[PDB]
Participant: 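Got a structure for you, questions after.
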Amino acid sequence: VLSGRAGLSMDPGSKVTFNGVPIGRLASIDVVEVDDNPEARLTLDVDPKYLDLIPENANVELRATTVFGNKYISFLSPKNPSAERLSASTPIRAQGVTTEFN
Amino acid sequence: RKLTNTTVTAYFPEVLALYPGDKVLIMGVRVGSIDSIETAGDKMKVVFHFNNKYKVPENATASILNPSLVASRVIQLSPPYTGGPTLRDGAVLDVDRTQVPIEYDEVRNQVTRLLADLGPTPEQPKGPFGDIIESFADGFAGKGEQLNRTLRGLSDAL
Amino acid sequence: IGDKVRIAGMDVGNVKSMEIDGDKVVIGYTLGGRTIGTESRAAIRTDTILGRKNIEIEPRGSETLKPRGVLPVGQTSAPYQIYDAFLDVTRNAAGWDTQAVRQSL
Amino acid sequence: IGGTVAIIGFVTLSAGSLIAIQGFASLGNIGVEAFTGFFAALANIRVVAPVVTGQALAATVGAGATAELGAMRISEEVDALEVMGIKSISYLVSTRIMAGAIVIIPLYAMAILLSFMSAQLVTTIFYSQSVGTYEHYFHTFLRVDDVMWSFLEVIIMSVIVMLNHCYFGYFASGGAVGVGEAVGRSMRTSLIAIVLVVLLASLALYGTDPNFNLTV
Amino acid sequence: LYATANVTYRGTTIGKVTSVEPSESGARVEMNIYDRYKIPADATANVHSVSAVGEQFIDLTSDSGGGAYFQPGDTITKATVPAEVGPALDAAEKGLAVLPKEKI
Amino acid sequence: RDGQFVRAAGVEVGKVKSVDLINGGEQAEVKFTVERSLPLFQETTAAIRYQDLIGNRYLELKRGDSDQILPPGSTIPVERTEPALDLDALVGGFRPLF
Amino acid sequence: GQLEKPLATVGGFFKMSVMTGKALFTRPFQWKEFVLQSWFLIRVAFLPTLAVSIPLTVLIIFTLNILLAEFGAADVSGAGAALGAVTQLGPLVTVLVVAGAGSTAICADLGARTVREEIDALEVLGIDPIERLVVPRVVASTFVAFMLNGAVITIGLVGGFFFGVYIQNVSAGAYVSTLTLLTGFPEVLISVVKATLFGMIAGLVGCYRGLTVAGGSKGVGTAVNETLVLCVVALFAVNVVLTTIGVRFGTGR
Amino acid sequence: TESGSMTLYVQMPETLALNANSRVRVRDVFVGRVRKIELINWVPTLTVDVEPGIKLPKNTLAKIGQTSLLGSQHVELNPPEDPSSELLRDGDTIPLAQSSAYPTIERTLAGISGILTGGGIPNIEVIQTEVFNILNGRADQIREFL
């Protein structure tokens with residue numbers, strides 16, 4: 001999952017969710033230079049039981065759990081889900097990251 | 001414990017995070033505990049007791065309080081006793097004279113609702129408050145002294 | 001019982017007892033050998049966001065408060081609770097006609 | 001005085017009291033003190049009760065077994081058994097192992113019960129916390145799966161401890177003096193083995209799934 | 001919502017959540033409720049949080065509080081979910097950021 | 001309290017020796033230490049800042065603008081010292097607004 | 001009469017301890033025997049102390065880190081890492097590896113001296129065993145318990161840091177900067193007091209049981225087992241009392 | 001801390017009680033560590049170690065911020081809206097002009113409390129009450145009066 005910024009309180013071990021239920025966890029975060037601009041790249045380990053349930057066009061958001069808690073990756077089904085299913089070879093992006101308290 | 005404390009039944013629209021054995025307070029001082037909590041139709045019937053040493057007015061209000069972020073919710077008899085008729089044993093308090101905490105999901109819902117209804121929109125990029133601030137700042141720029149003079153003159157003449 | 005009692009922001013004692021007398025609560029505390037005036041003002045105040053409370057004393061007057069002396073209820077104040085604040089905001093905002101407010105603005 | 005039951009009970013009551021005491025003090029200092037029932041249970045099941053019950057069981061039962069087998073070895077009773085055509089290991093050590101396996105489950109059940117009771121009593125009587133809040137946060141955040149796995153850990157640990165102490169007592173030497181040295185060495189080995197077993201089991205069980213949810 | 005979370009009626013515990021799983025239309029929740037507690041057939045399932053720290057649960061709310069009751073193995077189609085924090089923070093930041101402060 | 005850190009522009013330079021009451025309890029005098037290599041000045045000001053949200057504090061020093069070295073052992077007047085948040089006042093000030 | 005039986009042994013232990021204190025504060029100290037017993041206890045209870053302290057602190061840190069990571073507050077873990085290790089893990093590992101090893105060794109050694117009539121050999125020569133044997137052993141027990149408690153706390157903190165950082169991927173700066181959040185001078189002082197009292201009591205119990213061994217063929221083993229059980233029970237009770245006293249003072253309050 | 005890391009100096013106006021071994025973050029990603037926070041000539045200076053493979057423009061903005069409300073702090077090294085071609089080399093310094101700090105929760109609440117206590121807020125309700133008395137059941141009459 002690629003995004004503009006990883007988000008604070010987002011560390012390896014953060015829950016990845018579909019429709020609000022955990023389906024996996026965050027493995028690692030890295031900085032990747034895309035067109036001379038650093039971006040955040042997140043690697044997610046997901047149980048393949050739910051992969052056939054996640055649409056290809058699933059919206060991704062780096063949302064916040066509570067005011068004190070950490071962040072989690074949230075997958076949701078779009079308005080017009082695709083027939084193709086999410087897999088390791090599908091490039092996906094995060095639609096937004098919740099604003100920090102700073 | 002019986003014969004040494006007065007038992008009161010109260011009805012609440014909702015009883016959340018309140019369990020039997022939780023404290024009953026008068027002006028923040030423990031005076032008793034909560035016996036039982038059972039569903040009564042669309043209401044919740046809570047039977048509690050407070051020590052017979054303390055007297056409580058007959059028209060008291062039993063309000064459920066959440067003291068802090070993480071705490072044990074209590075039931076406080078809001079009006080302290082100053083004389084007159086007292087709350088007798090076996091009394092029943094209905095929903096009209098009971099109160100419940102605000103809860104956190106209600107706070108989240110109202111914050112979201114107000115930020116969505118009174119916030120910026122594609123048609124109104126600045127929001128109603130931003131637009132009114134901008135209009136009042138642009139429309140009265142340089143007219144402070146003129147308005148002051150006009151108001152003083154009007155006040156004197158009238 | 002055991003909450004801090006302070007004078008000008010620095011700890012001077014602890015809270016020792018809390019009893020119900022009539023329509024008031026008599027709170028007994030210690031000043032650690034210090035002296036405050038009989039016109040001093042006490043205030044129960046919220047210390048932290050997690051709910052810690054403490055008493056603040058502002059000394060006033062020239063007379064000396066003797067041991068076992070009682071400050072009058074008119075010289076003491078109670079805190080405005082955080083849950084009271086949240087209750088006020090949410091209950092007031094729930095009744096707002098936001099369409100009318102936006103139209104009026 | 002009660003034997004192993006009384007010693008196990010006293011030590012587990014002390015451990016539960018320590019958990020409740022320090023836990024409630026720290027949480028009251030921070031402010032979030034309603035979580036004590038949640039904090040105590042996970043303290044007892046995960047780390048405190050298995051290890052503490054293991055050390056008390058080691059001391060009482062294992063030292064008694066080492067002393068008995070050393071006394072039999074010195075008094076030539078093992079030689080008497082071997083002369084009468086009896087498998088000494090089968091008659092002594094296997095019987096000890098079977099008795100320990102039969103007895104460990106009631107002992108650890110009593111240990112868990114008394115640890116929970118001590119923590120609850122200290123929190124809700126000495127510290128005057130309401131029993132409803134404690135029971136809610138205890139029964140809401142305690143999983144029976146953790147208790148079952150803890151029982152399995154304690155059974156394996158008791159088997160290992162009994163084997164170690166029977167080994168130290170069975171091959172004793174040096175008269176009555178050597179029995180005490182055997183007891184001391186067996187106790188050291190038992191402590192190390194108990195702690196290692198609990199650590200390995202907890203690492204294997206909760207390495208990926210912590211089996212605890214509070215937030216969204 | 002998670003497994004082993006509380007099932008409540010108007011805040012009082014009447015059961016526990018057995019499993020929460022994803023589905024195509026949302027989430028599927030299976031729970032066990034004591035047979036002493038009967039819930040009306042017009043009730044709705046609202047996921048709630050006790051405090052700002054966490055401790056999710058699911059509350060079955062029925063305004064009528066009477067009439068026909070659910071049978072074992074049935075499903076409650078009516079549902080509600082909290083307003084969520086991240087969108088609220090974003091909305092607050094964007095609402096405050098558009099105000100002209102120099103104009104203020 | 002005593003033993004809490006004294007930081008110059010956020011960098012720890014000393015400790016708080018003691019706090020006492022002056023002017024009949026109307027003011028509090030804080031006696032503190034600063035690293036001997038760091039000089040204070042006639043416009044150096046002191047504040048008391050939150051260390052966290054559970055009640056820990058520290059002393060904060062700002063250099064100011066004047067270059068006149070404050071002689072060692074001097075006293076910073078109340079004219080350029082300010083307190084911490086006082087959360088109770090913040091919460092109580094919301095009552096009329098709500 | 002039922003209570004009068006253990007009360008006799010209790011009185012014997014108390015009188016022996018009083019005589020030990022009198023010999024410590026009145027008669028000349030036995031430096032040689034103290035050094036020998038200190039080195040003996042160190043060599044008999046150092047490696048087991050680390051081998052029990054390292055896995056136990058790793059287990060505690062793992063449990064704390066996973067529970068806090070699910071809680072969301074994984075940056076305050078070091079606080080707990082300190083709070084246990086200074087006040088409970090240190091003294092309790094000291095209790096275990098002192099009562100199990102050093103107290104039992106002292107009991108076995110004095111029982112060996114008793115059954116070989118070496119105590120009677122000293123007594124017929126006019127010498128007093130309580131000054132020549134018990135005092136150096138109690139002082140050595142106290143000294144070794146103090147040092148072992150310090151080492152246990154240090155090793156536990158370092159191992160917790162390394163495990164949490166290199167395994168559970170917590171932040172190192174959060175671990176080292178939150179150690180002093182809940183632990184201060186009162187905690188280290190009460191830990192020192194606990195270690196000193198535990199060592200002194202273990203030495204006293206071991207010496208008293210060793211001097212009163214029953215001989216026979218199981219007397220020494222029975223004495224060692226009773227020594228171990230009594231030490232465990234007494235040290236747990238004293239730990240409860242001292243924990244209550246220590247939390248009465250508190251760093252947070 | 002690995003070989004190939006670059007060392008930078010950041011002259012912060014203040015550190016907000018930031019400790020050493022805090023996290024350096026680029027795009028909110030933990031990619032470095034602050035080594036020393038020595039104070040040179042009354043202006044705090046931070047020594048920052050950044051992992052190899054990161055390109056930072058010479059006009060990068062450094063900002064000390066808060067990771068979480070009940071948690072840690074960090075140093076953000078984020079490129080500006082107009083990055084320069086020249087890059088920060090080993091030993092280069094980020095000046096005081098490019099260094100800043102986010103407001104803390106205490107400072108924000110202190111400003112809000114100053115507004116609330118020194119701004120005459122108790123007047124507002126009174127004003128509103130009186131306004132409610134002017135317009136109560138008279139809006140049509142006020143319009144026709146206009």
Side-chain angles (χ1 to χ4, degrees), chain B residues 25-31 50-51 53-57 63-74 76-83 99-121 123-124 126-136, chain C residues 1-5 14-29 42-55 70-74 76-105:
Chain B
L25 306 188
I26 292 180
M27 286 177 297
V29 181
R30 299 182 177 183
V31 295
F50 60 92
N51 199 324
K53 306 160 50 185
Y54 311 93
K55 281 168 290 184
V56 182
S63 55
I64 299 180
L65 299 176
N66 189 17
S68 59
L69 213 171
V70 174
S72 63
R73 307 198 176 186
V74 300
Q76 178 162 324
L77 304 166
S78 302
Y81 182 77
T82 64
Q99 299 182 12
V100 296
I102 192 51
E103 256 66 58
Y104 168 70
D105 286 5
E106 299 184 14
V107 177
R108 278 192 294 177
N109 285 317
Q110 285 307 323
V111 167
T112 298
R113 164 178 170 264
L114 287 218
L115 291 172
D117 295 5
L118 302 177
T121 56
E123 295 81 13
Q124 192 171 9
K126 213 104 64 178
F129 289 98
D131 273 4
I132 194 177
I133 288 175
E134 184 185 14
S135 76
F136 274 69
Chain C
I1 291 182
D3 283 330
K4 303 287 105 181
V5 162
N14 283 16
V15 178
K16 296 306 174 181
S17 65
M18 295 178 304
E19 297 291 335
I20 290 181
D21 288 338
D23 56 330
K24 313 167 308 303
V25 172
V26 167
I27 299 182
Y29 56 93
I44 306 177
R45 55 173 298 275
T46 304
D47 191 18
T48 58
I49 64 173
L50 290 183
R52 299 310 305 272
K53 308 291 174 56
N54 69 272
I55 295 186
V70 179
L71 297 180
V73 64
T76 58
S77 65
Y80 182 61
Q81 309 289 347
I82 300 187
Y83 61 83
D84 287 331
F86 278 115
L87 176 75
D88 289 0
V89 195
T90 303
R91 295 290 177 82
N92 289 343
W96 273 25
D97 189 4
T98 48
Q99 184 188 27
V101 175
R102 185 154 194 160
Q103 287 188 52
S104 307
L105 296 171

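Side chains included, hydrogens not; waters and symmetry mates left out as well; all remaining heavy atoms used. Just so we're on the same page: letters track the sequence lines, and every chain starts at 1.
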Participant: Considering only heavy atoms, give the residues of residues 42-55 of chain C separated from chain B by less than 4.5 Å, sorted numerically, with 'none' for an empty result.
Facilitator: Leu50(C), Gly51(C)
Participant: Among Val107(B), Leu69(B), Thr82(B), single out the residue with the greatest number of heavy-atom pairs under 4.5 Å to chain C.
Facilitator: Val107(B)
Participant: Is it the backbone or the side chain of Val31(B) that comes under 4.5 Å from a heavy atom of chain C, or both, or neither?
Facilitator: side chain
Participant: Non-hydrogen contacts under 4.5 angstrom with chain B: give the residues of residues 92-105 of chain C involved, or none if there are none.
Facilitator: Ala93(C), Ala94(C), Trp96(C), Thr98(C), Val101(C), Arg102(C), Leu105(C)
Participant: If every non-hydrogen atom of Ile102(B) is compared with every non-hydrogen atom of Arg91(C), which pair is closest and at what distance?
Facilitator: CD1-NE, 3.4 Å
Participant: Examine whether an atom of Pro101(B) lies under 4.5 Å from a heavy atom of chain C, and if so say whether it belongs to the side chain, the backbone or both; otherwise answer neither.
Facilitator: backbone
Participant: Before you tell me yes or no, could you show the steps for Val89(C) and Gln110(B) under side-chain contact (heavy atoms from CB on, under 4.5 Å), namely the whole-Å CA-CA distance, both residues' side-chain angles and the distance that decides it to 0.1 Å?
Facilitator: CA-CA 9 Å; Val89(C) 195; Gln110(B) 285 307 323; over 6 Å; no
Participant: Would you mind checking which part of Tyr104(B) comes under 4.5 Å of any heavy atom in chain C, side chain (CB onward), backbone (N, CA, C, O), both or neither?
Facilitator: neither
Participant: Atom OH of residue position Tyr54(B) - does it have more than 12 heavy atoms of other residues, nucleotides or ligands inside 6.0 Å?
Facilitator: yes
Participant: Side chain, backbone, both or neither: which part of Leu65(B) has an atom under 4.5 Å from a heavy atom of chain C?
Facilitator: side chain
